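Remarks on the structure that follows.
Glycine also receives a Cβ, built like all others from the backbone with ideal geometry; neighbour counts cover every protein chain displayed. None of the figures in this text is laboratory data; all of them are computed from the coordinates on show.
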Amino acid sequence: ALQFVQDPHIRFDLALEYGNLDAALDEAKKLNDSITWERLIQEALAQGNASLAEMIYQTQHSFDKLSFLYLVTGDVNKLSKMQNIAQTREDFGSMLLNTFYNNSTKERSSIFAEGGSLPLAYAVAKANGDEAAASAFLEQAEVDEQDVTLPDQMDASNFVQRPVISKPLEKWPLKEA
Amino acid sequence: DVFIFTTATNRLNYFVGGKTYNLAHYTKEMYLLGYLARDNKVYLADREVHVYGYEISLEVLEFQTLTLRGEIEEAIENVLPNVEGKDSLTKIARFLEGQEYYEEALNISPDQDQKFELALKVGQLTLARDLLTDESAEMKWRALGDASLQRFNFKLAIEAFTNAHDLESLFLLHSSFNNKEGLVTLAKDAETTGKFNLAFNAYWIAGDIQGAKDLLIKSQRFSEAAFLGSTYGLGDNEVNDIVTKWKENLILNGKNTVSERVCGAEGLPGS
């Protein structure tokens with residue numbers, strides 16, 4: 001019966017204490033406070049409710065945090081859409097972050113390209129054996145192709161863990177209690 | 001060919017090849033008297049006829065005349081041998097730098113700082129490195145790393161950024177060249193520096209799940225550690241320990257009721 005409690009801020013406080021996330025969101029949507037949303041998200045994460053955290057993240061436009069959640073959550077799919085958003089938004093730091101999570105080194109080399117760093121675009125294509133585009137970079141950069149001092153050793157990006165599960169885990173398992 | 005002159009503002013300047021250089025400035029109206037090749041100095045005088053003399057380098061003036069005329073080699077082989085002291089050499093060096101002649105300026109300059117800087121400009125990377133020891137300036141090692149990376153010399157960039165302790169740039173290199181030990185070392189470094197995001201990403205690309213997990217735990221982000229753990233098959237025993245800590249933390253924060261509703265690896269759909 002929080003509906004009748006007097007102050008919206010107090011209602012929010014009680015919802016959180018009773019672990020009532022549904023009521024907390026109602027006070028959150030209205031109170032539309034930056035600090036409030038942050039406390040709610042923190043409460044969602046404490047219960048393992050990634051779905052809610054995602055919800056609050058989208059509306060509050062915190063894409064990089066959205067991407068990180070899709071990562072630990074195994075939401076391979078949604079993780080690409082975050083690329084299209086970080087792209088159509090001019091944020092190289094982000095379109096690049098999603099490639100660290102997607103392990104899409106082909107996109108990453110390309111990102112470094114428009115990113116204004118041919119040397120890195122090259123470094124990626126090279127270590128990942130994409131000999132084709134690597135030269136196109138060298139060419140496009142007017143680089144000797146023989147003065148390119150690579151490190152003693154390289155490796156393609158194969159050390160990255162993969163989703164063991166099938167479907168993303170939207171909420172963590174909780175008892176009826 | 002070089003016009004020396006006094007200004008209405010009390011300055012003693014000289015003009016050559018369209019350029020104007022300051023020699024000095026006085027607190028009284030000065031009037032140019034003349035130049036004595038013998039004493040190698042200009043002479044001025046105020047209204048009350050007090051004579052002043054300023055020493056100029058005829059060699060330096062001539063070196064400049066030639067350079068701005070498109071005859072620098074001529075200046076380097078004929079005038080430069082008669083230039084005395086490094087104060088004059090440094091002048092010519094900084095004048096040459098201010099003229100895009102980085103190459104030759106590098107050869108003339110006695111000032112080590114300028115040399116290092118000039119070397120980067122002309123791509124003489126090796127020379128530059130072999131010009132910095134434990135030369136504090138991490139800001140110089142970075143400048144060196146950037147220079148090297150610009151000229152596709154990754155091997156050197158990697159060394160520069162490492163000594164420069166520039167974790168952002170080093171991460172771009174080790175992550176591109178999938179150097180697992182570099183990444184893992186950088187992460188630990190990032191943690192020490194509070195660079196929590198960088199650290200996680202370093203551990204991630206390195207494939208160091210265990211490192212990434214512990215990072216999340218040291219930040220009291222237990223649920224997230226649990227997601228990471230189960231999503232990337234760490235194992236039920238493993239996942240359950242994270243859950244146990246997640247639950248203990250909850251109780252320490254007074255959320256006992258929520259603490260007891262949290263399931264272990266069992267409740268996770270098809271482990």
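Given the residues B:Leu44, B:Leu61, which is the only one that is surrounded by 15 or more Cβ atoms within 10 Å (Cβ to Cβ) and part of a strand (DSSP E or B)?
That would be B:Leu44, the only listed residue that is surrounded by 15 or more Cβ atoms within 10 Å (Cβ to Cβ) and part of a strand (DSSP E or B).
Considering B:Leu234, B:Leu216, B:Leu198, which residue is more than 8 Å from every other protein chain (Cβ to nearest Cβ), part of a loop (DSSP other than H, G, I, E, B) and closer than 27 Å to A:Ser104 by Cα?
Only one candidate qualifies: B:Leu234.
Please determine, by comparing only the residues of segment B:172-194 that are closer than 18 Å to A:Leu96 by Cβ and more than 10 Å from chain A (Cβ to nearest Cβ), which one is farthest from the chain's Cα centre (by Cα).
Taking the candidates together, the pick is B:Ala187.
Six or more apart or on different chains, Cβ under 9 Å: which pairs go from a residue in segment B:249-267 that's under 16 Å from B:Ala226 (Cβ atoms) and without any contact (Cβ under 8 Å) to a residue 40 or more places away in the chain to one that's of a type in the set (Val, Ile, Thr) and not in a helix (DSSP H, G or I)? Could you list them?
Once the first residue is under 16 Å from B:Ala226 (Cβ atoms) and without any contact (Cβ under 8 Å) to a residue 40 or more places away in the chain and sits in segment B:249-267, its partners that are of a type in the set (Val, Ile, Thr) and not in a helix (DSSP H, G or I) give B:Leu250/B:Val262.
Just for strands (runs of 3 or more DSSP E) wholly inside segment B:1-41: which have at least 3 residues that are among the hydrophobic types (A, V, I, L, M, F, W, C)?
Fully inside segment B:1-41 and qualifying: B:3-6, B:11-16, B:31-36.
For segment B:237-266, which positions are assigned to a loop (DSSP other than H, G, I, E, B) and in contact with a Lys or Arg (Cβ under 7 Å, 6 or more places away or on another chain)?
Selection gives B:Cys263 alone.
Given the conditions (1) in contact with a helix residue (DSSP H, G or I) (Cβ under 7 Å, 6 or more places away or on another chain); (2) farther than 21 Å from A:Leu96 by Cα, report the number of the one that A:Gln146 does not fulfil.
Of (1) in contact with a helix residue (DSSP H, G or I) (Cβ under 7 Å, 6 or more places away or on another chain); (2) farther than 21 Å from A:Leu96 by Cα, only one is false for A:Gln146: (1).
Among the candidates B:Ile242, B:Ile209, B:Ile205, which residue alone is touching a helix residue (DSSP H, G or I) at 6+ places or on another chain (Cβ under 8 Å), within 21 Å of A:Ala53 (Cβ to Cβ) and buried (at least 18 other Cβ atoms within 10 Å of the Cβ)?
B:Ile242
If only one of B:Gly182, B:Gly194 is out of contact with any strand residue (DSSP E or B) (no Cβ under 9 Å at 6 or more places or on another chain), surrounded by fewer than 17 Cβ atoms within 10 Å (Cβ to Cβ) and of a type outside the set (S, T, N, Q), which one is it?
Result of the check over B:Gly182, B:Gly194: B:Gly194.
Conditions tested, residue by residue: (1) of a type in the set (A, V, I, L, M, F, W, C); (2) closer than 20 Å to B:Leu183 by Cβ; (3) surrounded by fewer than 19 Cβ atoms within 10 Å (Cβ to Cβ).
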position: A:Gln87; (1), (2), (3): no, no, yes
position: A:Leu97; (1), (2), (3): yes, yes, no
position: A:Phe100; (1), (2), (3): yes, yes, no
position: A:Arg108; (1), (2), (3): no, yes, no
position: A:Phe112; (1), (2), (3): yes, yes, no
position: A:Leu120; (1), (2), (3): yes, yes, no
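Being within 11 Å of chain B (Cβ to nearest Cβ) and assigned to a helix (DSSP H, G or I) is true for just one of A:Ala121, A:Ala86, A:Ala132. Which residue is that?
One residue alone meets the criteria, A:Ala121.
Checking the conditions here, which among B:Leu120, B:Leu149, B:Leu144 is within 13 Å of chain A (Cβ to nearest Cβ), out of contact with any strand residue (DSSP E or B) (no Cβ under 8 Å at 6 or more places or on another chain) and in a helix (DSSP H, G or I)?
Criteria check complete, one pass: B:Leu149.
With respect to A:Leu16, determine if the residue is in contact with a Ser or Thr (Cβ under 7 Å, 6 or more places away or on another chain) and either in a helix (DSSP H, G or I) or on the phi > 0 side of the Ramachandran plot (or both).
When the stated conditions are applied, A:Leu16 does not pass them.
Based on what the data block shows, is A:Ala53 on the phi < 0 side of the Ramachandran plot and either touching an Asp or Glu at 6+ places or on another chain (Cβ under 8 Å) or in a loop (DSSP other than H, G, I, E, B) (or both)?
Answer is no for this residue.
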